[PDB]
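*Asks:* This is the structure I have questions about; it appears just below.
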Amino acid sequence: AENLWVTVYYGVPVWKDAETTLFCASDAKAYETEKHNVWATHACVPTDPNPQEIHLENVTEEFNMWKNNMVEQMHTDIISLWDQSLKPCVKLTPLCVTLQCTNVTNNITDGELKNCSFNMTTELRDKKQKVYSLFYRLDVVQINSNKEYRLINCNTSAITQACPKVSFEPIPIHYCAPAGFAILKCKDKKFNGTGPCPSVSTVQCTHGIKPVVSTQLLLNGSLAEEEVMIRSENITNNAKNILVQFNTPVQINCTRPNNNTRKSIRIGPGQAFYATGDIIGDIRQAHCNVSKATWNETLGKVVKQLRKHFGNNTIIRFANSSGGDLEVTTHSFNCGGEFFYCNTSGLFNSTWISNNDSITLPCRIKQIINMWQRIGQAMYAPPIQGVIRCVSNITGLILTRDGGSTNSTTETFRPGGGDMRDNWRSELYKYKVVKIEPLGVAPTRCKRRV
Amino acid sequence: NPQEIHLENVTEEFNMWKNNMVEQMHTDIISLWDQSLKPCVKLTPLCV
Amino acid sequence: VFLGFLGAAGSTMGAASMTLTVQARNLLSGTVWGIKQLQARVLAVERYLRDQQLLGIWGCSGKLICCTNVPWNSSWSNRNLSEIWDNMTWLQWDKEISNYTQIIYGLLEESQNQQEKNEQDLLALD
Amino acid sequence: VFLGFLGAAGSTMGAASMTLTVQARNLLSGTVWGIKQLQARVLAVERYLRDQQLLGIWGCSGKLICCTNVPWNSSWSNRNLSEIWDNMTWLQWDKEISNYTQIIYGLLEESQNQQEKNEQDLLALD
Amino acid sequence: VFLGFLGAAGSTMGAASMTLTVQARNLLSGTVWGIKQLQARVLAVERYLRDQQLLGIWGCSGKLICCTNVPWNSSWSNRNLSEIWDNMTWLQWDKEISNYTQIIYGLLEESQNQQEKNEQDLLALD
Amino acid sequence: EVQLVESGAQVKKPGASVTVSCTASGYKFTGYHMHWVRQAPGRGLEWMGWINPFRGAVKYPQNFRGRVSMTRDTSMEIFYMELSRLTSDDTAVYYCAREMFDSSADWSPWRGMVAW
Ligand SMILES: *[C@@H]1O[C@H](CO[C@@H]2O[C@@H](C)[C@@H](O)[C@@H](O)[C@@H]2O)[C@@H](O[C@@H]2O[C@H](CO)[C@@H](O[C@@H]3O[C@H](CO[C@H]4O[C@H](CO)[C@@H](O)[C@H](O)[C@@H]4O[C@@H]4O[C@H](CO)[C@@H](O[C@@H]5O[C@H](CO)[C@H](O)[C@H](O)[C@H]5O)[C@H](O)[C@H]4NC(C)=O)[C@@H](O)[C@H](O[C@H]4O[C@H](CO)[C@@H](O[C@@H]5O[C@H](CO)[C@@H](O[C@@H]6O[C@H](CO)[C@H](O)[C@H](O)[C@H]6O)[C@H](O)[C@H]5NC(C)=O)[C@H](O)[C@@H]4O[C@@H]4O[C@H](CO)[C@@H](O)[C@H](O)[C@H]4NC(C)=O)[C@@H]3O)[C@H](O)[C@H]2NC(C)=O)[C@H](O)[C@H]1NC(C)=O
Ligand SMILES: *[C@@H]1O[C@H](CO)[C@@H](O[C@@H]2O[C@H](CO)[C@@H](O[C@@H]3O[C@H](CO[C@H]4O[C@H](CO)[C@@H](O)[C@H](O[C@H]5O[C@H](CO)[C@@H](O)[C@H](O)[C@@H]5O)[C@@H]4O)[C@@H](O)[C@H](O[C@H]4O[C@H](CO)[C@@H](O)[C@H](O)[C@@H]4O[C@H]4O[C@H](CO)[C@@H](O)[C@H](O)[C@@H]4O)[C@@H]3O)[C@H](O)[C@H]2NC(C)=O)[C@H](O)[C@H]1NC(C)=O
Ligand SMILES: *[C@@H]1O[C@H](CO)[C@@H](O[C@@H]2O[C@H](CO)[C@@H](O[C@@H]3O[C@H](CO[C@H]4O[C@H](CO)[C@@H](O)[C@H](O)[C@@H]4O)[C@@H](O)[C@H](O[C@H]4O[C@H](CO)[C@@H](O)[C@H](O)[C@@H]4O)[C@@H]3O)[C@H](O)[C@H]2NC(C)=O)[C@H](O)[C@H]1NC(C)=O
Ligand SMILES: *[C@@H]1O[C@H](CO)[C@@H](O[C@@H]2O[C@H](CO)[C@@H](O[C@@H]3O[C@H](CO[C@H]4O[C@H](CO)[C@@H](O)[C@H](O)[C@@H]4O)[C@@H](O)[C@H](O[C@H]4O[C@H](CO)[C@@H](O)[C@H](O)[C@@H]4O)[C@@H]3O)[C@H](O)[C@H]2NC(C)=O)[C@H](O)[C@H]1NC(C)=O
Ligand SMILES: *[C@@H]1O[C@H](CO)[C@@H](O[C@@H]2O[C@H](CO)[C@@H](O[C@@H]3O[C@H](CO[C@H]4O[C@H](CO)[C@@H](O)[C@H](O)[C@@H]4O)[C@@H](O)[C@H](O[C@H]4O[C@H](CO)[C@@H](O)[C@H](O)[C@@H]4O)[C@@H]3O)[C@H](O)[C@H]2NC(C)=O)[C@H](O)[C@H]1NC(C)=O
Ligand SMILES: *[C@@H]1O[C@H](CO)[C@@H](O[C@@H]2O[C@H](CO)[C@@H](O)[C@H](O)[C@H]2NC(C)=O)[C@H](O)[C@H]1NC(C)=O
Ligand SMILES: *[C@@H]1O[C@H](CO)[C@@H](O[C@@H]2O[C@H](CO)[C@@H](O)[C@H](O)[C@H]2NC(C)=O)[C@H](O)[C@H]1NC(C)=O
Ligand SMILES: *[C@@H]1O[C@H](CO)[C@@H](O[C@@H]2O[C@H](CO)[C@@H](O)[C@H](O)[C@H]2NC(C)=O)[C@H](O)[C@H]1NC(C)=O
Ligand SMILES: *[C@@H]1O[C@H](CO)[C@@H](O[C@@H]2O[C@H](CO)[C@@H](O)[C@H](O)[C@H]2NC(C)=O)[C@H](O)[C@H]1NC(C)=O
Ligand SMILES: *[C@@H]1O[C@H](CO)[C@@H](O[C@@H]2O[C@H](CO)[C@@H](O)[C@H](O)[C@H]2NC(C)=O)[C@H](O)[C@H]1NC(C)=O
Ligand SMILES: *[C@@H]1O[C@H](CO[C@@H]2O[C@@H](C)[C@@H](O)[C@@H](O)[C@@H]2O)[C@@H](O)[C@H](O)[C@H]1NC(C)=O
Ligand SMILES: *[C@@H]1O[C@H](CO[C@@H]2O[C@@H](C)[C@@H](O)[C@@H](O)[C@@H]2O)[C@@H](O)[C@H](O)[C@H]1NC(C)=O
Ligand SMILES: *[C@@H]1O[C@H](CO[C@@H]2O[C@@H](C)[C@@H](O)[C@@H](O)[C@@H]2O)[C@@H](O)[C@H](O)[C@H]1NC(C)=O
Ligand SMILES: *[C@@H]1O[C@H](CO)[C@@H](O)[C@H](O)[C@H]1NC(C)=O
């Protein structure tokens with residue numbers, strides 16, 4: 001009657017926060033991309049033709065992107081998925097050979113590119129092979145007549161040649177939750193990734209997420225809603241990288257304007273090395289273009305979003321990177337299979353006070369790659385035939401502040417980053433994982449029988 | 001005792017040409033074969 | 001009215017009892033990187049069954065709702081019926097009781113089915 | 001009479017109700033290439049339990065047979081009792097109803113145990 | 001009194017009925033060398049559920065205790081009630097009956113729920 | 001033990017530039033920030049910047065910016081630091097030092113320098 005008992009309840013809407021192993025999803029059309037396992041999607045589960053999403057009313061959940069384990073689970077996936085792809089391919093350890101390199105045939109006006117002859121092996125264990133290839137200077141280092149050279153990795157890390165069949169192209173991946181767990185999508189427009197979320201809905205799977213591997217600039221990514229949102233785990237800490245989300249995409253046109261020959265060299269049985277033959281015709285250097293207008297337009301839309309965090313009237317300056325490896329000092333990205341590195345000094349060379357043509361970015365291509373920096377193991381990307389071209393929506397940024405210096409006069413900012421987790425945060429800010437507690441116990445006037 | 005149960009008034013439609021059991025087995029003999037090949041001696045020094 | 005899965009989360013607890021058939025329904029859902037999904041779907045049944053055990057070792061096993069002869073200590077969030085179901089959601093509610101939950105279950109499993117079901121035999125033996 | 005596992009398949013559906021203890025009994029059965037068998041036996045419990053859920057979320061969970069207060073729409077193969085159990089096997093039968101099965105269950109889970117078990121509390125609270 | 005898990009093993013069988021909530025409670029417990037633990041925890045549910053099946057296919061499914069309309073053949077260790085529960089532990093007891101166990105279950109699954117639950121329908125159809 | 005072992009002392013003409021090597025040992029090299037600090041005779045300590053050894057990220061003060069070039073050889077586990085345009089004021093004893101915890105930790109690199 002009036003006194004209270006206990007009564008069990010199965011299936012109550014109750015969840016607790018916990019982490020658990022998730023799994024992927026990448027449609028069924030990207031499954032048809034095949035071409036001998038392009039990049040990732042293989043056992044990737046198909047997507048619900050109706051990605052059902054359930055809004056949750058009077059539900060206020062506390063989201064964090066900077067601590068979201070989903071970033072680490074994904075981060076370790078891209079890495080391990082990459083080694084599986086590297087394993088079946090050709091080990092280029094026989095390439096660690098003294099190289100007779102000559103500068104490239106141009107009418108003065110100086111090379112970056114070396115016409116390197118060298119002895120190789122054949123499928124016959126005794127017969128050897130006097131061959132030559134071309135290499136960018138970043139892949140070789142001279143070793144002390146004309147100068148002999150060797151691959152920059154050969155002295156630290158073993159090297160393997162990426163399978164020419166696998167493609168490095170990104171594919172939208174939907175991360176998914178098993179039964180007993182579900183995913184929470186923070187939907188409010190102006191949301192700094194930290195703190196609770198007003199509008200909370202649940203999905204069983206994130207949206208299509210392309211694992212773009214790029215430094216400084218973010219490409220092909222998610223855009224912000226209304227104002228451009230600026231998220232950093234901590235801004236007082238200048239050391240904490242600052243992640244930016246656009247409301248509008250910035251176009252960029254990147255090329256390798258060089259028609260490329262590719263020689264396949266027989267070191268077998270079964271082992272074959274893809275060298276570079278001649279460039280066909282004019283030698284031009286890789287570059288990217290950006291509409292100087294829309295670019296400078298986006299610089300201002302941002303700088304007006306910054307004074308929201310620093311002064312009503314103040315000065316804002318942009319500088320190029322202070323220092324680091326090539327991956328950080330310049331803009332790393334894979335365009336068309338080759339790996340580009342573009343001088344962004346011309347993008348970050350500006351100053352801002354309280355109140356038609358296009359830029360062009362000199363780019364550099366490397367083939368021997370140690371991405372994720374893991375010594376002992378390097379990947380040699382084979383060359384891509386013909387002229388390369390690709391175009392991307394610039395959709396975010398990774399930036400670092402400066403130091404105490406002068407107090408309040410002005411603050412400087414530069415590109416940065418290089419940790420691909422931050423590339424993943426750009427998409428998982430609005431996501432987090434929870435486990436259910438469906439058993440409910442509560443008092444009431446009910447009692448079972450005798 | 002490989003117990004077998006006849007089914008009365010049961011009429012089932014069989015196909016051998018589409019029976020997936022053939023593919024599951026086919027891929028087994030192949031993969032089982034590479035596992036056996038893996039620990040053995042690589043004769044790549046014989047390419048002479 | 002079907003608000004979908006977990007629709008009644010921000011609903012008061014009384015409104016959420018309409019949805020037990022929804023949250024309990026999809027609680028099960030019928031090389032390398034294949035591992036990723038495999039160990040995942042196993043935790044679903046490891047998770048689901050541990051309740052069936054709790055639900056089972058108590059006077060329930062019959063899913064959704066089920067009552068019990070265990071009383072309610074006022075030392076566990078002494079409240080009025082309306083102050084709970086009508087004014088609280090489950091999250092607000094489950095946030096409080098999480099202290100004595102383990103103390104609660106030790107009764108339902110031991111004081112109840114361990115004791116009450118034997119009395120049933122003592123009554124049914126004649 | 002024990003015709004073995006699935007003996008009453010070609011039997012009329014009424015004769016097949018004698019064999020529920022047989023088909024339900026063996027429904028569970030107590031490196032490389034070892035993988036082959038492992039993921040297999042897991043699907044058995046994933047498969048078996050999804051019914052226990054359905055059986056459980058409905059007025060059953062008590063295996064073999066169990067009745068329900070959900071009526072029968074004649075839009076689902078309006079037949080006579082004898083025209084079904086006596087003249088049809090289960091295969092012939094299950095072949096027809098597979099259209100509205102999902103429409104049927106949404107009642108048993110929601111219209112029944114989601115609704116009927118709460119009425120039980122409303123009756124048992126006094 | 002809580003003697004812990006399996007405390008009443010050397011206890012006479014009657015004293016051990018106090019501990020069913022203890023032995024049944026922890027019966028589930030909520031690369032290379034990781035394999036080692038993984039296949040292990042799977043056998044736990046494969047093991048646990050095969051009883052739920054037996055318990056379920058019989059007149060039980062309701063855990064701990066449950067009675068049955070199957071008699072007792074004196075050809076299975078004809079003893080007095082006290083000579084068993086009071087003078088024997090379970091180990092001493094289970095040691096004997098292991099001959100006709102399979103013969104016993106064929107009744108509980110077939111003679112009982114296969115037969116007794118249908119009579120329920122024959123009574124509930126009117 | 002860890003060990004920060006720096007290069008030998010150097011005697012230099014003004015206007016020039018000078019590097020200092022500082023070779024680490026006894027811990028995960030690439031995971032720990034490295035600060036460089038000069039201390040002019042009898043004077044206090046001048047923080048000159050830091051490097052993260054993963055991909056070589058850096059950050060210098062406004063005073064020392066321009067003159068400082070700070071690097072590391074992950075392969076060899078050697079930190080390099082170069083003040084340039086040396087003036088008589090640039091006479092000091094130059095240190096490298098490691099922060100308390102690895103880069104994975106919160107608020108690294110601003111906690112406090114341990115190995116010296
Ligand atoms: C880097 O890289 C590079 C590049 O390469 C390229 O690219 C690549 C990628 C690929 O593609 C490749 O292929 C290419 O090549 C490299 O370099 C280089 O290059 C180049 C280019 O071109 C090349 O060259 C080529 O080659 C070829 C071959 O030839 C050879 O062979 C043949 C056969 O087949 C023959 O016939 C010839 O003659 C040659 O040689 C020869 O050999 C023989 C044998 O060995 C010898 O004999 C010897 O002798 C001696 C004595 O003397 C002794 O006895 C010994 O024992 C023996 O043995 C001989 O001598 C030789 N010859 C000579 C002459 O010497 C081919 O095919 C070609 O050619 C063709 O075409 C052309 C046109 O186009 C022609 O004509 C020419 O022209 C030009 C102009 O235009 C000239 O130049 C000039 O020169 C002069 C001097 O002399 C001066 O310097 C001037 O200034 C200039 O300008 C030249 O010279 C010419 N040539 C001659 C050869 O002569 C030619 O001829 C031909 O055609 C034809 O012709 C005829 C006449 O003869 C006529 O009649 C007709 O009409 C025509 N046709 C037409 C259609 O045209 C070319 O030459 C090379 O090879 C390469 N190399 C290599 C190694 O590869 C490099 O190397 C790299 N690097 C690294 C480090 O790696
Ligand atoms: C940000 O996003 C944008 C947009 O998402 C990306 O832009 C992409 O840039 C890449 C280069 O970085 C471009 O990829 C290359 O494009 C080639 C053009 O293909 C089109 O034309 C041909 C001929 O007309 C058609 O057959 C193609 O159709 C194919 O794709 C459609 C879907 O769009 C399918 O329906 C078809 O069935 C086809 O599959 C296209 O319309 C293309 O040639 C090239 O693919 C070759 O090269 C790779 C290796 O480089 C091989 O693995 C692959 O097998 C192909 O090889 C064939 O072709 C080459 C000649 O190109 C021959 O040498 C070979 O013998 C062989 O026949 C590759 O896909 C891409 O077009 C462009 N757009 C899109 C939408 O992706 C940015 O890159 C991205 N930024 C970052 C940083 O990720
Ligand atoms: C691939 O690998 C081969 C083998 O390692 C390299 O070619 C050899 O390079 C060496 C180094 O120069 C050459 O050695 C030279 O040989 C001359 C004598 O050779 C005679 O006998 C050989 C057979 O043993 C005949 O083939 C040849 O015709 C001659 O009759 C000497 O003249 C040289 O020494 C003198 O000249 C040089 C300048 O040329 C001076 O610097 C010396 O001080 C000295 O005065 C010299 O020793 C050798 O002949 C080459 N060929 C062979 C062994 O067949 C390739 O270069 C290499 N390619 C790569 C790495 O890309
Ligand atoms: C980066 O993240 C940190 C937290 O992780 C945020 O840093 C906070 O910043 C503010 C301003 O700098 C600090 O707040 C001030 O702290 C004083 C004392 O701090 C003690 O008490 C707090 C509890 O409030 C403890 O957490 C802390 O450990 C100390 O023991 C208070 O006296 C201040 O309140 C009064 O002063 C300020 C102005 O001085 C007024 O605005 C207030 O209204 C009030 O009068 C004040 O709260 C705070 O301590 C910092 N927190 C921490 C944990 O360090 C950064 O803001 C964040 N960066 C960005 C850009 O968001
Ligand atoms: C990223 O991007 C930045 C900015 O674009 C690059 O910085 C440039 O670096 C180069 C290389 O030093 C600098 O180029 C210098 O320019 C002078 C121009 O020569 C003529 O041009 C002007 C007008 O057109 C005339 O006034 C002038 O008199 C000349 O007629 C040259 O004088 C320089 O070369 C000469 O001087 C040096 C000594 O300083 C000698 O050693 C040389 O041999 C030669 O005689 C020189 O080439 C350029 O100014 C820099 N710009 C800026 C803004 O800093 C970065 O290089 C780039 N980084 C990467 C990694 O790509
Ligand atoms: C991000 O925005 C949220 C609100 O959207 C801020 O959360 C506040 O955090 C403080 C603790 O410092 C709490 O006491 C407040 O209650 C929170 N406010 C709200 C409205 O929930 C958070 O500080 C912001 N963080 C950054 C880095 O911008
Ligand atoms: C990058 O290239 C794209 C397409 O390759 C350019 O967009 C086209 O620009 C031309 C003029 O050059 C217009 O006629 C087309 O209508 C545009 N097409 C589309 C789909 O936009 C783009 O302008 C280039 N951007 C830069 C900065 O060079
Ligand atoms: C969320 O809370 C609001 C406020 O308590 C609920 O809205 C009330 O709904 C009742 C019943 O329809 C109305 O009588 C009240 O007037 C409403 N008030 C307001 C302020 O909206 C709402 O139903 C709740 N929804 C959920 C899903 O929890
Ligand atoms: C298979 O169908 C046949 C025909 O319906 C069944 O045989 C009949 O069985 C009944 C009951 O014993 C007899 O009265 C009839 O005379 C039989 N007729 C024929 C033609 O056999 C048979 O029992 C069915 N068996 C199964 C397993 O379905
Ligand atoms: C183990 O066996 C002994 C002997 O049967 C049990 O001890 C008896 O306990 C009863 C009840 O307390 C006493 O009346 C007897 O006097 C005891 N006798 C002896 C010899 O100890 C003991 O309880 C049993 N314990 C278990 C766990 O089986
Ligand atoms: C019932 O509650 C009794 C009182 O608990 C004590 O007082 C309350 C108000 C809280 O402060 C609590 O922390 C104190 O321990 C307990 O002594 C008694 O064990 C409880 N009984 C059960 C079965 O839980
Ligand atoms: C009960 O059946 C009603 C009638 O269904 C319609 O008519 C039958 C004869 C078929 O043609 C069928 O496809 C038609 O939709 C339904 O309108 C009604 O929803 C049904 N109710 C339930 C609970 O299923
Ligand atoms: C009941 O027991 C009957 C007798 O079993 C026989 O005699 C006993 C004393 C033992 O020696 C035993 O081995 C013999 O078979 C059985 O004939 C009968 O089948 C039993 N019934 C059941 C249902 O088990
Ligand atoms: C940059 O953008 C501003 C608008 O904020 C515009 O007025 C100005 O002309 C632009 N300048 C250049 C150099 O593009």
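What is reported rests on the model, the rules as stated and the sources as named; nothing here is a laboratory result. We place every Cβ from the backbone using ideal geometry, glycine too, and count neighbours over all the protein chains shown.
*Asks:* Of the numbered conditions (1) of a type outside the set (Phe, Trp, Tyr); (2) surrounded by 20 or more Cβ atoms within 10 Å (Cβ to Cβ); (3) not in a helix (DSSP H, G or I), C:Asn69 fails exactly one; give the number of that condition.
*Replies:* All conditions are met except number (2).
*Asks:* Which of the strands (runs of 3 or more DSSP E) contained wholly in segment A:232-299 include at least 2 residues that are more than 16 Å from ligand 5 (Cβ to nearest atom)?
*Replies:* Filter on segment A:232-299 gives A:242-256, A:264-266, A:272-274.
*Asks:* Quick check on this structure: which one of E:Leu64, E:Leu55, E:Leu49, E:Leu20 is part of a loop (DSSP other than H, G, I, E, B) and either away from ligand 2 (no atom under 16 Å from the Cβ) or surrounded by 14 or more Cβ atoms within 10 Å (Cβ to Cβ) (or both)?
*Replies:* E:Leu64
*Asks:* A further question on this structure: Quick check: anything in segment F:24-43 within 14 Å of chain A (Cβ to nearest Cβ), of a type in the set (D, E, K, R) and more than 13 Å from the chain's Cα centre (by Cα)?
*Replies:* So far as segment F:24-43 goes, yes, one or more of its residues are within 14 Å of chain A (Cβ to nearest Cβ), of a type in the set (D, E, K, R) and more than 13 Å from the chain's Cα centre (by Cα).
*Asks:* If you don't mind, there's one more thing I want to ask. Determine whether A:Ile242 is surrounded by 15 or more Cβ atoms within 10 Å (Cβ to Cβ), among the β-branched types (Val, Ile, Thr) and more than 16 Å from ligand 14 (Cβ to nearest atom).
*Replies:* It is true that A:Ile242 is surrounded by 15 or more Cβ atoms within 10 Å (Cβ to Cβ), among the β-branched types (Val, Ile, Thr) and more than 16 Å from ligand 14 (Cβ to nearest atom).
*Asks:* Can you pull out every residue in segment A:219-231 that is assigned to a strand (DSSP E or B) and touching a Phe, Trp or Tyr at 6+ places or on another chain (Cβ under 7 Å)? Break it down into steps so the answer makes sense when it comes.
*Replies:* Taking segment A:219-231 as the starting set, the residues that turn out to be assigned to a strand (DSSP E or B) are A:219, A:230-231.
A:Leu219, A:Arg231, listed by residue number.
*Asks:* Which one of the conditions (1) out of contact with any helix residue (DSSP H, G or I) (no Cβ under 6 Å at 6 or more places or on another chain); (2) away from ligand 6 (no atom under 16 Å from the Cβ); (3) more than 13 Å from chain F (Cβ to nearest Cβ) does A:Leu428 fail to meet, given that it meets all the rest?
*Replies:* (1)
*Asks:* Tell me, yes or no, whether segment E:4-17 has at least one residue that is touching a helix residue (DSSP H, G or I) at 6+ places or on another chain (Cβ under 6 Å), within 30 Å of D:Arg47 (Cα to Cα) and exposed (fewer than 14 other Cβ atoms within 10 Å of the Cβ).
*Replies:* Scanning segment E:4-17, I find no residue that is touching a helix residue (DSSP H, G or I) at 6+ places or on another chain (Cβ under 6 Å), within 30 Å of D:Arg47 (Cα to Cα) and exposed (fewer than 14 other Cβ atoms within 10 Å of the Cβ), so the answer is no.
*Asks:* Something else: For segment A:317-332, which residues satisfy the criterion of being out of contact with any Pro (no Cβ under 8 Å at 6 or more places or on another chain), part of a strand (DSSP E or B) and crowded, with 21+ Cβ neighbours inside 10 Å?
*Replies:* A:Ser332
*Asks:* Hey, C:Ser29 hits all of (1) among the small types (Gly, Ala, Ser); (2) at the interface with another protein chain (Cβ under 7 Å from one of its Cβ atoms); (3) assigned to a helix (DSSP H, G or I) but one; which does it fall short on?
*Replies:* (3)
*Asks:* If you don't mind, another one. Would you say A:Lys304 is loosely packed, with under 15 Cβ neighbours inside 10 Å, away from chain B (no Cβ under 14 Å), more than 16 Å from ligand 11 (Cβ to nearest atom) and over 30 Å from A:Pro46 (Cβ atoms)?
*Replies:* yes
*Asks:* Taking segment C:48-78 as the search range and keeping residues that are among the charged types (D, E, K, R) and within 8 Å of chain A (Cβ to nearest Cβ), which one is nearest to ligand 13 (Cβ to nearest atom)?
*Replies:* The extreme case among them is C:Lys63.
*Asks:* Residues being within 16 Å of ligand 4 (Cβ to nearest atom) and either under 21 Å from A:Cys288 (Cβ atoms) or buried (at least 17 other Cβ atoms within 10 Å of the Cβ) (or both): count how many of those fall in segment A:207-239.
*Replies:* 7
*Asks:* Please go through segment A:113-136 and give me each residue that is under 15 Å from A:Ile279 (Cβ atoms) and either within 15 Å of ligand 1 (Cβ to nearest atom) or not assigned by CATH to the domain that holds A:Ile265 (or both), ordered by number.
*Replies:* Selection gives A:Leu113, A:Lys114, A:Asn115, A:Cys116, A:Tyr132, A:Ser133, A:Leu134, A:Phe135.
*Asks:* Answer yes if at least one residue in segment D:88-105 is assigned to a helix (DSSP H, G or I), within 14 Å of ligand 12 (Cβ to nearest atom) and surrounded by 14 or more Cβ atoms within 10 Å (Cβ to Cβ), and no otherwise.
*Replies:* yes
*Asks:* Which residue pairs have Cβ atoms closer than 8 Å, lie 6 or more positions apart in sequence or on different chains, and pair a first residue in segment D:107-126 that is more than 16 Å from D:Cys60 (Cβ to Cβ) with a second residue that is part of a helix (DSSP H, G or I)?
*Replies:* Within 8 Å, the pairs are D:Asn118/C:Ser17.
*Asks:* Within segment A:435-450, how many residues are surrounded by fewer than 21 Cβ atoms within 10 Å (Cβ to Cβ) and either part of a strand (DSSP E or B) or within 14 Å of chain F (Cβ to nearest Cβ) (or both)?
*Replies:* Result for segment A:435-450: 1.
*Asks:* What are the pairs, 6+ residues apart or on separate chains, where a residue within segment A:338-367 that is within 14 Å of chain F (Cβ to nearest Cβ) has its Cβ under 9 Å from a residue that is away from ligand 4 (no atom under 16 Å from the Cβ) and among the β-branched types (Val, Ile, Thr)?
*Replies:* Qualifying pairs under 9 Å: A:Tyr341/A:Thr215; A:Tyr341/A:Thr329; A:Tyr341/A:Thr330; A:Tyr341/A:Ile365.
*Asks:* Considering only residues that are more than 14 Å from the chain's Cα centre (by Cα) and either facing chain C (nearest Cβ under 8 Å) or among the charged types (D, E, K, R) (or both), which ones fall in segment E:3-21? Spell out the reasoning first.
*Replies:* Step one: list which residues in segment E:3-21 are more than 14 Å from the chain's Cα centre (by Cα), which gives E:3-12, E:14-15, E:18.
Residue satisfying the conditions is E:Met18 alone.
*Asks:* Within segment A:36-44, is there a residue that is among the polar types (S, T, N, Q), within 11 Å of chain C (Cβ to nearest Cβ) and surrounded by 19 or more Cβ atoms within 10 Å (Cβ to Cβ)?
*Replies:* Yes, segment A:36-44 contains at least one residue that is among the polar types (S, T, N, Q), within 11 Å of chain C (Cβ to nearest Cβ) and surrounded by 19 or more Cβ atoms within 10 Å (Cβ to Cβ).
Yes/no per residue for (1) over 30 Å from A:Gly376 (Cβ atoms); (2) surrounded by fewer than 18 Cβ atoms within 10 Å (Cβ to Cβ):
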residue	(1), (2)
F:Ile51	no, no
F:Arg55	no, no
F:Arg65	yes, yes
F:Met76	no, yes
F:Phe79	no, no
F:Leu83	yes, no
F:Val93	yes, yes
F:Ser103	no, no
F:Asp106	no, yes
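*Asks:* Somewhere in segment A:264-275, is a residue more than 30 Å from A:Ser405 (Cβ to Cβ) and within 16 Å of ligand 7 (Cβ to nearest atom)?
*Replies:* Among the residues of segment A:264-275, not one is more than 30 Å from A:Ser405 (Cβ to Cβ) and within 16 Å of ligand 7 (Cβ to nearest atom), which makes the answer no.
*Asks:* Further, regarding this structure: If a residue must be within 25 Å of A:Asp139 (Cβ to Cβ), of a type in the set (A, V, I, L, M) and within 14 Å of another protein chain (Cβ to nearest Cβ), how many such residues does segment A:67-109 contain?
*Replies:* Within segment A:67-109, residues that are within 25 Å of A:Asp139 (Cβ to Cβ), of a type in the set (A, V, I, L, M) and within 14 Å of another protein chain (Cβ to nearest Cβ) number 5.
*Asks:* Right, here's the next one. Being in a strand (DSSP E or B) and within 24 Å of the chain's Cα centre (by Cα) is the filter; apply it to segment A:185-217 and report the residue that is farthest from ligand 13 (Cβ to nearest atom).
*Replies:* So, considering only residues that are in a strand (DSSP E or B) and within 24 Å of the chain's Cα centre (by Cα), the one farthest from ligand 13 (Cβ to nearest atom) is A:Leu217.
*Asks:* With the structure loaded, tell me whether A:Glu62 is farther than 17 Å from C:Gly34 by Cβ, more than 8 Å from chain C (Cβ to nearest Cβ) and among the charged types (D, E, K, R) or whether it fails that test. Even if it seems obvious, please write down each step before you answer.
*Replies:* Values: farther than 17 Å from C:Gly34 by Cβ: yes; more than 8 Å from chain C (Cβ to nearest Cβ): yes; among the charged types (D, E, K, R): yes.
Criteria met by A:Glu62.
*Asks:* Residues to consider are E:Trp76, E:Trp33; find the one that is among the aromatic types (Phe, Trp, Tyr), away from ligand 10 (no atom under 16 Å from the Cβ) and in contact with a helix residue (DSSP H, G or I) (Cβ under 9 Å, 6 or more places away or on another chain).
*Replies:* Only one candidate passes the filter, namely E:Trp76.
*Asks:* Can you tell me which of (1) among the polar types (S, T, N, Q); (2) in a helix (DSSP H, G or I); (3) away from chain B (no Cβ under 14 Å) is the one D:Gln39 doesn't meet?
*Replies:* The failed condition is (3).
*Asks:* Could I ask something else about it? Look at segment F:73-116 and say how many of its residues are of a type in the set (S, T, N, Q) and part of a strand (DSSP E or B). Quick ask: steps written out before the conclusion?
*Replies:* So the first thing to find is which residues in segment F:73-116 are of a type in the set (S, T, N, Q), and the list is F:74-75, F:84, F:87-88, F:91, F:103-104, F:108.
After this cut, where a residue has to be part of a strand (DSSP E or B) as well, the list is none.
Residues flagged as of a type in the set (S, T, N, Q) and part of a strand (DSSP E or B) within segment F:73-116 amount to 0.
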